[PDB]
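Worksheet: one structure, shown below.
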Amino acid sequence: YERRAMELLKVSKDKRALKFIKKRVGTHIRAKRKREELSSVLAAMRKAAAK
Amino acid sequence: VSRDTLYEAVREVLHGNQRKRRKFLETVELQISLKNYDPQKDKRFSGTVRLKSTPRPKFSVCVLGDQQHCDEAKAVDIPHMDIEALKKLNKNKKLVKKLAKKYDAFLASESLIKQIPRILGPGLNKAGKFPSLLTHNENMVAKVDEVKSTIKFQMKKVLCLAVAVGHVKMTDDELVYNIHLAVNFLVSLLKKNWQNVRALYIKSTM
RNA sequence: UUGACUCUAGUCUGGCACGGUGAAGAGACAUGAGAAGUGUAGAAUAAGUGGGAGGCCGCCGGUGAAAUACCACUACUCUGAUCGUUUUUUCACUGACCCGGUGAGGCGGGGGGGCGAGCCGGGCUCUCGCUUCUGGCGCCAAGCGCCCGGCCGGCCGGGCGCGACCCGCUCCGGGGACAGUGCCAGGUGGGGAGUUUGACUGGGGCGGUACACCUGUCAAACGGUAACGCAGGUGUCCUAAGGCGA
RNA sequence: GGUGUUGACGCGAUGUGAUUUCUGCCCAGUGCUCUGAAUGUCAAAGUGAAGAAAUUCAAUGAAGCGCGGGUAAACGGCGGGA
RNA sequence: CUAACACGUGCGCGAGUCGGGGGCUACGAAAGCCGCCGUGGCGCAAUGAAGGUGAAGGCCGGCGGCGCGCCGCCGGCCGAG
RNA sequence: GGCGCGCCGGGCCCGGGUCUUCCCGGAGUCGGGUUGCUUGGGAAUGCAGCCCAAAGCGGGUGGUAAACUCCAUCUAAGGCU
RNA sequence: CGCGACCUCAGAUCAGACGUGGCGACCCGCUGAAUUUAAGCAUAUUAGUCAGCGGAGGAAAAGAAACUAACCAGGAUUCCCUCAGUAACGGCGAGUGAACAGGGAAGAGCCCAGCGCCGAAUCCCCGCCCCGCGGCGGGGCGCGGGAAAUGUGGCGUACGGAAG
RNA sequence: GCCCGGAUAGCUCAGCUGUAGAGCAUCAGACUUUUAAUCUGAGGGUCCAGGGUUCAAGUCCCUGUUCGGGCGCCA
Ligand SMILES: [Mg+2]
Ligand SMILES: [Mg+2]
Ligand SMILES: [Mg+2]
Ligand SMILES: [Mg+2]
Ligand SMILES: [Mg+2]
Ligand SMILES: [Mg+2]
Ligand SMILES: [Mg+2]
Ligand SMILES: [Mg+2]
Ligand SMILES: [Mg+2]
Ligand SMILES: [Mg+2]
Ligand SMILES: [Mg+2]
Ligand SMILES: [Mg+2]
Ligand SMILES: [Mg+2]
Ligand SMILES: [Mg+2]
Ligand SMILES: [Mg+2]
Ligand SMILES: [Mg+2]
Ligand SMILES: [Mg+2]
Ligand SMILES: [Mg+2]
Ligand SMILES: [Mg+2]
Ligand SMILES: [Mg+2]
Ligand SMILES: [Mg+2]
Ligand SMILES: [Mg+2]
Ligand SMILES: [Mg+2]
Ligand SMILES: [Mg+2]
Ligand SMILES: [Mg+2]
Ligand SMILES: [Mg+2]
Ligand SMILES: [Mg+2]
Ligand SMILES: [Mg+2]
Ligand SMILES: [Mg+2]
Ligand SMILES: [Mg+2]
Ligand SMILES: [Mg+2]
Ligand SMILES: [Mg+2]
Ligand SMILES: [Mg+2]
Ligand SMILES: [Mg+2]
Ligand SMILES: [Mg+2]
């Protein structure tokens, strides 16, 4: 589920990625926290591909 | 974003001056890319920031002043524009929009912005280079320095910006604090925070 | 009992999970690579923003414009295609799972061998691998080869291998990510459950409403006064058929 | 788990009641069954949009109703006036 | 018979009242005592859905205000129909 | 029987304050959806089945669903008395 | 092919032990109705009650906060008075219905896993010697056998703790 | 009420930065016996109203009536 959310965050659909994590985890607070740590993971992957 | 990214990217751009060892007056720039901000609808933003670091310094100054400005302006190399010269450059707005293309930004006197919106106010407000109003210190030293580097974060209809911050010779933790001022005022200027910025770039003129 | 009310085991259908492995077909996308960016004025095919004063041997001006020209490192749209993310349809695979058979007894390859094909004793492809006149018998190894021990070349008892090929990863077959089960949702459901099936009344039923109201009467000159007494009316209609004034 | 130590000359579910002689007409109704493809209706789950979110709205649309063939040795039925 | 409520009546105290629960000291598992054990109940205050608010007034002197003779505010007096 | 006391054999060779550096937590569980039961618990108090199923300035609670933002309070999914 | 480790798994009339069953007033877990009330009845009520089933003890269970609160804050559990027939639930009908706070009875706190650091520093069992033995225990010796590194013991547990 | 669609000369439609175009109808001329039919052409919009981005918007984004369409209510 968090791989599919990382695909949505890679295509940068933050609202549907948040609704997806909000369904498949629970509360909106846990949704926001997991969306932002997946954004940090995906940014680290972009920097790893950069240099 | 964390600060260590700024640290390693900026030390890498100091010893990545090795790319060209440039020929020019070296200075670097920030670049902005926004996530999903609507450029067309309302609450489009235009925020100027009082940056106290002045990253330009090859910078061009020509002002408009009252009296008591004459001796101090011609002393410390500041162009005192009188009202006769205001009317002179009002006689043909082609020459002062050359002058708007000559120098960077202007400074405004206290009262003569009824004399400005006669025809030259609407004439050269169509350049984005409006003069900056004085204060009743009446001391232009460091007031022009706190007029320069008041950076216009601007929302035009394209989802891209770029901010001229950083030159290669300044102090270095002060550079990362300069760029930290730039990015936190940008993100706090936006209607939504760090999710609203896709990719912030800091790469140089080349 | 059912066309009563409210439900119910069962069954039908959909979704989720167990629940995988591929190959094609149709897409949506992401990404790399490539050209587009023709209202004008302007030497001009200016999409846009932001820096920029000499890369490399056009430009800073100035010209017209709203906005300008090296570089880059960006963000938008458009048009063909490589590549990896998901959905979907079809064809397959076996590994979860189901079924059948058995004393789970020769399965799949490869080798060795016998009948056919034609090309010059040869290889390949393919097939076969020993039982059909009889209400008989059929096991517990003959034969070959190699080691071995007890007694004096002779005697007695041994062990191993070919006979009975080798190698393997599901015992063989049939299905197969659908049957199926677990949980929801919708349909159906007198098979079964629980209950109900007004009142008044010259018995009850059928009829009627005398059950809520209205006029005359009854009603005996205040008011009140009964029956399934009498003759009738109502569940409406009106933007004027309300309110004034003439 | 029974039928089943069974396999359509069988198991199961009905009607009528030997033999002879027949078994007429009706598919409108109520059933049963067959087919999924016009307009309909139709659940949760899934999809898209709006919004700060709960939530709202739209689209798609399984069986069943609907609609349509078949069937009376299925339940039943099978006139009048000059 | 237990519980609850209502009214009447007897008794003690009375804007109070009650130790019923706990504790301290044969009949006696009674009886007495607590009081800085009144926690608490009921009463002493009503009303409103709620925020909430929460149960006499008058006279004197001073300081139309204008086409607060009413009186706003200050000191005294009478003071509870 | 226990409270008193002696003698031998054996166990332990234990503590407190300050400073410096370290280290620290319970997962098909919490939580969410839905369904059924239970509760005074009311946009769901508790329990359970199915599906989803985490986090670490985290997580639960803060009696009206939800977003934002401060606070307050505990430390679940291990155990004895 | 044989030998040897380990792992998964069998057979013992193997050595030593342990559970079964009963009573069941009180207690814990599950299941759990309908009479009855609603002047009928279907939600509710009876009622988490009777019946059923499992399991204990001298008491059981609970219990040292993922608590109550919203104050100047209290502080495990259990019981009593009160809160209160209140807040609340309910064809808001009949009926149902807690807790906080306060006063009392009593009063007690603690231990792991993890994070660690100590040569597994740990535990069981067999044989002999001495003692005691009708709650098989204390001391010594075994080049006696096992368990355990897939983790025993010592310090340490949110009230912080460890090392120097 | 609701995303949604729409406004363009008297009437139907075309149309990213300006001569608002294609027709239908009118006006007047030529033809004809006569505007009866033809034909030549002209006249005719404050683009529904307003604000905003833009170099300027009838075109993009908002706001405001007004209508066309299925749901929402009602049995
Ligand atoms: Mg019915
Ligand atoms: Mg039925
Ligand atoms: Mg019945
Ligand atoms: Mg009757
Ligand atoms: Mg009379
Ligand atoms: Mg028949
Ligand atoms: Mg017949
Ligand atoms: Mg029919
Ligand atoms: Mg009949
Ligand atoms: Mg009475
Ligand atoms: Mg009395
Ligand atoms: Mg129950
Ligand atoms: Mg229960
Ligand atoms: Mg109940
Ligand atoms: Mg604990
Ligand atoms: Mg605990
Ligand atoms: Mg316990
Ligand atoms: Mg034994
Ligand atoms: Mg009754
Ligand atoms: Mg009765
Ligand atoms: Mg009855
Ligand atoms: Mg009950
Ligand atoms: Mg019982
Ligand atoms: Mg027992
Ligand atoms: Mg006992
Ligand atoms: Mg106990
Ligand atoms: Mg408590
Ligand atoms: Mg009371
Ligand atoms: Mg009622
Ligand atoms: Mg009850
Ligand atoms: Mg209490
Ligand atoms: Mg005490
Ligand atoms: Mg310990
Ligand atoms: Mg340990
Ligand atoms: Mg604790």
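Residue numbering restarts at 1 in every chain; chains get A, B, ... in the order shown in the structure tokens, and ligands count up from 1 in that same order.
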
> Which chain A residues are at most 12 Å from chain D (counting only C-alpha atoms (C1' of nucleotides)), as a ChimeraX atom specification?
Replying inline: /A:15-16,18-19,22,27-29

Those residues you just picked out, can you put them in a file as a CSV table (one decimal), in the first residue's frame with C-alpha atoms?
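Dumped to result_5.csv:
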```csv
chain,number,residue,atom,x,y,z
A,15,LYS,CA,-4.6,14.6,-2.3
A,16,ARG,CA,-5.4,11.2,-3.7
A,18,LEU,CA,-3.5,11.3,1.3
A,19,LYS,CA,-7.0,9.9,0.8
A,22,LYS,CA,-6.1,7.8,5.2
A,27,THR,CA,-6.7,8.5,11.2
A,28,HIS,CA,-5.9,11.6,9.3
A,29,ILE,CA,-2.9,12.3,11.6
```

Give me, as a PDB file with N, CA, C and O atoms (P, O5', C5', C4', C3', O3' and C1' of nucleotides), in the first residue's frame, the set of residues whose atoms come within 12 Å of any atom of ligand 10, counting only C-alpha atoms (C1' of nucleotides) and all ligand atoms.
```pdb
ATOM      1  P     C E   5     -39.827   8.321  49.970  1.00  0.00           P
ATOM      2  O5'   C E   5     -41.190   8.976  49.499  1.00  0.00           O
ATOM      3  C5'   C E   5     -41.297   9.520  48.200  1.00  0.00           C
ATOM      4  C4'   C E   5     -42.732   9.652  47.764  1.00  0.00           C
ATOM      5  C3'   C E   5     -43.652  10.401  48.699  1.00  0.00           C
ATOM      6  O3'   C E   5     -43.479  11.800  48.638  1.00  0.00           O
ATOM      7  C1'   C E   5     -44.741   8.471  47.897  1.00  0.00           C
ATOM      8  P     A E   6     -43.720  12.701  49.937  1.00  0.00           P
ATOM      9  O5'   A E   6     -45.298  12.797  50.027  1.00  0.00           O
ATOM     10  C5'   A E   6     -46.045  13.370  48.973  1.00  0.00           C
ATOM     11  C4'   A E   6     -47.518  13.106  49.130  1.00  0.00           C
ATOM     12  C3'   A E   6     -48.122  13.479  50.463  1.00  0.00           C
ATOM     13  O3'   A E   6     -48.396  14.851  50.563  1.00  0.00           O
ATOM     14  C1'   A E   6     -48.848  11.347  49.868  1.00  0.00           C
ATOM     15  P     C E   7     -47.904  15.634  51.854  1.00  0.00           P
ATOM     16  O5'   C E   7     -49.206  15.736  52.757  1.00  0.00           O
ATOM     17  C5'   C E   7     -50.466  16.056  52.200  1.00  0.00           C
ATOM     18  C4'   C E   7     -51.579  15.359  52.936  1.00  0.00           C
ATOM     19  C3'   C E   7     -51.588  15.485  54.447  1.00  0.00           C
ATOM     20  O3'   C E   7     -52.105  16.699  54.937  1.00  0.00           O
ATOM     21  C1'   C E   7     -51.921  13.239  53.861  1.00  0.00           C
ATOM     22  P     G E   8     -51.533  17.290  56.309  1.00  0.00           P
ATOM     23  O5'   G E   8     -52.245  16.431  57.440  1.00  0.00           O
ATOM     24  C5'   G E   8     -53.658  16.372  57.545  1.00  0.00           C
ATOM     25  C4'   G E   8     -54.110  15.296  58.507  1.00  0.00           C
ATOM     26  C3'   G E   8     -53.467  15.297  59.879  1.00  0.00           C
ATOM     27  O3'   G E   8     -54.033  16.276  60.726  1.00  0.00           O
ATOM     28  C1'   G E   8     -53.559  13.092  59.063  1.00  0.00           C
TER      29        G E   8
END
```

>> Residues near residue 184 in chain B, anyone? I mean within 12 Å using only C-alpha atoms (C1' of nucleotides), not counting same-chain ones fewer than 3 positions away, as an MDAnalysis selection string.
In response: chainID B and resid 1:3 49 51 153 176:181 187:190 193:194 197 200

> Quick one: which residues from chain F are at most 9 Å off chain A, using only C-alpha atoms (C1' of nucleotides), as a list in words?
Replying inline: residues 31, 32, 33, 52, 53, 54 and 55 of chain F

Take the residues just selected and output them with N, CA, C and O atoms (P, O5', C5', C4', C3', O3' and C1' of nucleotides) as a PDB file, in the first residue's frame.
```pdb
ATOM      1  P     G F  31      -7.095   0.925  20.338  1.00  0.00           P
ATOM      2  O5'   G F  31      -7.049   1.625  18.914  1.00  0.00           O
ATOM      3  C5'   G F  31      -6.778   3.014  18.802  1.00  0.00           C
ATOM      4  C4'   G F  31      -6.554   3.425  17.371  1.00  0.00           C
ATOM      5  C3'   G F  31      -7.745   3.286  16.444  1.00  0.00           C
ATOM      6  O3'   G F  31      -8.657   4.362  16.561  1.00  0.00           O
ATOM      7  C1'   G F  31      -5.860   2.355  15.413  1.00  0.00           C
ATOM      8  P     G F  32     -10.238   4.111  16.446  1.00  0.00           P
ATOM      9  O5'   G F  32     -10.496   3.966  14.882  1.00  0.00           O
ATOM     10  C5'   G F  32     -10.162   5.022  13.999  1.00  0.00           C
ATOM     11  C4'   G F  32     -10.199   4.598  12.553  1.00  0.00           C
ATOM     12  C3'   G F  32     -11.458   3.915  12.079  1.00  0.00           C
ATOM     13  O3'   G F  32     -12.526   4.806  11.852  1.00  0.00           O
ATOM     14  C1'   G F  32      -9.609   2.740  11.266  1.00  0.00           C
ATOM     15  P     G F  33     -14.009   4.307  12.157  1.00  0.00           P
ATOM     16  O5'   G F  33     -14.315   3.334  10.940  1.00  0.00           O
ATOM     17  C5'   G F  33     -14.352   3.843   9.618  1.00  0.00           C
ATOM     18  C4'   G F  33     -14.568   2.755   8.602  1.00  0.00           C
ATOM     19  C3'   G F  33     -15.793   1.892   8.808  1.00  0.00           C
ATOM     20  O3'   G F  33     -16.982   2.509   8.348  1.00  0.00           O
ATOM     21  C1'   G F  33     -13.945   0.523   8.333  1.00  0.00           C
ATOM     22  P     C F  52      -6.508  -7.665   4.345  1.00  0.00           P
ATOM     23  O5'   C F  52      -6.294  -6.123   4.650  1.00  0.00           O
ATOM     24  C5'   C F  52      -6.428  -5.157   3.621  1.00  0.00           C
ATOM     25  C4'   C F  52      -6.508  -3.756   4.172  1.00  0.00           C
ATOM     26  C3'   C F  52      -5.297  -3.257   4.925  1.00  0.00           C
ATOM     27  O3'   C F  52      -4.250  -2.830   4.086  1.00  0.00           O
ATOM     28  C1'   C F  52      -7.233  -2.704   6.125  1.00  0.00           C
ATOM     29  P     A F  53      -2.763  -3.342   4.352  1.00  0.00           P
ATOM     30  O5'   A F  53      -2.461  -2.915   5.856  1.00  0.00           O
ATOM     31  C5'   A F  53      -2.223  -1.560   6.204  1.00  0.00           C
ATOM     32  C4'   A F  53      -2.429  -1.312   7.674  1.00  0.00           C
ATOM     33  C3'   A F  53      -1.418  -1.936   8.606  1.00  0.00           C
ATOM     34  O3'   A F  53      -0.194  -1.253   8.666  1.00  0.00           O
ATOM     35  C1'   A F  53      -3.546  -2.380   9.422  1.00  0.00           C
ATOM     36  P     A F  54       1.130  -2.025   8.219  1.00  0.00           P
ATOM     37  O5'   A F  54       2.295  -0.990   8.470  1.00  0.00           O
ATOM     38  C5'   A F  54       2.608  -0.585   9.782  1.00  0.00           C
ATOM     39  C4'   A F  54       2.012   0.757  10.082  1.00  0.00           C
ATOM     40  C3'   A F  54       2.892   1.700  10.871  1.00  0.00           C
ATOM     41  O3'   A F  54       3.804   2.391  10.042  1.00  0.00           O
ATOM     42  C1'   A F  54       0.748   1.637  11.834  1.00  0.00           C
ATOM     43  P     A F  55       5.326   2.523  10.489  1.00  0.00           P
ATOM     44  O5'   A F  55       5.280   3.662  11.587  1.00  0.00           O
ATOM     45  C5'   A F  55       4.765   4.941  11.274  1.00  0.00           C
ATOM     46  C4'   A F  55       4.545   5.745  12.524  1.00  0.00           C
ATOM     47  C3'   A F  55       5.785   5.966  13.360  1.00  0.00           C
ATOM     48  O3'   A F  55       6.506   7.088  12.893  1.00  0.00           O
ATOM     49  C1'   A F  55       3.971   5.300  14.739  1.00  0.00           C
TER      50        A F  55
END
```

>> Could you list, as a list in words, all protein and nucleic acid residues with an atom at most 10 Å from ligand 3, counting only C-alpha atoms (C1' of nucleotides) and all ligand atoms?
In response: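 Those within range of ligand 3 are residues 1, 2, 190, 192, 193, 194 and 195 of chain C.
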
>> Could you list, as a count of residues only, all residues that come within 9 Å of ligand 25? Count only C-alpha atoms (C1' of nucleotides) and all ligand atoms.
In response: 3

> Do you know which residues are at most 12 Å from residue 75 in chain F counting only C-alpha atoms (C1' of nucleotides), after dropping those on the same chain fewer than 6 positions away, and could you put them as a ChimeraX atom specification?
Replying inline: /F:25-26,58-61 /G:65-67,158
